[PDB]
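This text opens with one protein chain seen in two forms, each one given by itself as structure tokens under the names structure 1 and structure 2.
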Structure 1
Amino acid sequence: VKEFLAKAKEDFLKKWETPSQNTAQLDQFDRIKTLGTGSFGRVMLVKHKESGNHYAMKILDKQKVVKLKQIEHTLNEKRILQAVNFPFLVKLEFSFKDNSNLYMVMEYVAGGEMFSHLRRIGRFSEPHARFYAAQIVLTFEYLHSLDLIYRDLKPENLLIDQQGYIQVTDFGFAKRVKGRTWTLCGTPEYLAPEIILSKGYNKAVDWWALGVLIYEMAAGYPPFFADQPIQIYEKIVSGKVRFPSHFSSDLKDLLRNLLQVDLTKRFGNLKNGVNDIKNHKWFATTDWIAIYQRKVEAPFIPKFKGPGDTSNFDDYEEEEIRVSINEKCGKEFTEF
């Protein structure tokens, strides 16, 4: 399959080298409702006047970005997002900025975060969890082949589309790196031990995170948890994992290989790469090509009621979009 990835890389490189800029403007959209928030910045449901299409607009306050020292991270996010193209990755339609904010307009994925459905239902059956896992596996295979590291896998960053398929959003911590990196970033429950221990890490962290994800989906709770992050880190470092009695023998086997504290033994980081994962028994009944082609019938299809429907998202407190009369941090975000 190296053939496919090979030509996909040519596409990526072209856009990575010469990114698109300023492909729209704020007055072309009608701001409708906040779909979600994060460490900073919100995502709003917007409607494009000329086309009538609905999109999801991520808004970033330039000043907050600088305060939290996320300039480089924010620049990576946009540069990487506008260059990638994969069935399970959200599409960036437009990007632009003004005196105060940075804007990224993406396709609107109406199904809601996997998070909400997961918490509501409690947990997913293995066949259901496997369906989602396969899509992540292919996505990481694509991303890594481009020397990209995702670094923020979690149900909150995964969306369900109208067909019940996954759409990965939030490339806030995505980074193009050959070799190792050192930033302490991600989400506590999903941090790989090497990150916590500040040893310098690579793409292997994404595979560990997949382990945590699969576990959370099947169990209904993450493998390591507590009330304070520091308490969580201590458990992750220990590597001691307990499996619910309902977990299949194959699932447990796969998990012990992904949640492997030792990098030399962690699945995905070995000689056979992603194949150790794709060939594992738990995925025995998984038709990789069918998933890629989105020909598999989804085990769960979210209730959708026409375009613009946000019933699959929680409600958030709305707030004015402020645009100063003066340009803020112009130099810092020149390339954006």
Structure 2
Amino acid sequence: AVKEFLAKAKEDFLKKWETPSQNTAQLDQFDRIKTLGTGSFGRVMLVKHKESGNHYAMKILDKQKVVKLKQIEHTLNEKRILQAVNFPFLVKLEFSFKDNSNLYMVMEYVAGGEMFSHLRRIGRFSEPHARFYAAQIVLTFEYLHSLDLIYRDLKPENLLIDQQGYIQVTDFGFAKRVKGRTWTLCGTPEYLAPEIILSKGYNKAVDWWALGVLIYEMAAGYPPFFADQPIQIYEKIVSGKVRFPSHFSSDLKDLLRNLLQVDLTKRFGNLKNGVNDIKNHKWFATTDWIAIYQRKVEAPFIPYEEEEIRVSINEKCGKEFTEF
């Protein structure tokens, strides 16, 4: 039954992957409530749809800055994935459009900050708290991997916690649709699987390694492999030696020993049973997988001069962002 749900999800994904939706709204259909922040390429604004009355978070990307910062491919790739995926723990892109100056990605409004900030505010998570979050990543990676997507950017900064207390994964610039191997070095060093560092090619198994690092940091308060210089972090990653805190349970240490396996042919999530080797592990014995997917489990923790948008008369970077 799980196999046929993924089969229907992949068919739906391939339809939108083949024919991405474009220009599903325009700028004059939204009321500009307030600017929530100014970012790398542009600003993020809280907006209200004039007709429906719902609230959305509109990201405005200056097309010229995107070109200068060499982020053209990452921007188009994120938009193509977001308009085609559909899963409870992924940020939902509601509308997208462009004009002469900017790109516009109208997102669902999610207040509640990133996991990185909360992790530094609390310190560390209790094992039941971490398991709640880890279970969501497991289902998310099961979904993305079934679409042949390697997320390969798992880190606390890319995990928001919504008002319901659930995880939403946000940054999809690096995500690549791969069936065989790939080689591009990307992602934060602390979460890189050893096969990435060795530059011998890698597949979806690097995501399960990243989950291993993520569970460790949540339960310990600090990542398993860390040093002042990246080259030292690389050595510790390839060496594989991990030290667990005393408060780590026996089940947790066993799961991490199988997720943080240096040999990708022995790593949990990359065996014949696939993701089920993780779901059926003793550490997740109390985990109701269907309930987590349905967002029924109670969350362990729940979280002015406005400037105008100038739309130039000249079309900017029309060639680069044609597919947006």
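All residue numbers here refer to structure 1's sequence, counted from 1. Rigid core (definition): largest C-alpha set, two forms, superposition within 1.5 Å.
Superposing the two forms on their core leaves just one of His73, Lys203, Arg266, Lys154 with a Cα displacement of at least 2 Å between the two structures, namely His73.
Shown in the overlay between the two structures, fitted on the rigid core, is a CA shift at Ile277 smaller than 2 Å.
Shown in the overlay between the two structures, fitted on the rigid core, is a CA shift at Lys97 of 2 Å or greater. After superposing the rigid core, the Cα of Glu297 is displaced by less than 2 Å between the two structures.
The Cα position of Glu107 changes by 1.9 Å between the two structures once both are aligned on the rigid core. Aligning the rigid core between the two structures leaves the CA of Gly38 offset by 8.7 Å. At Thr139, the distance the Cα travels between the two structures is 0.2 Å after the core is superposed.
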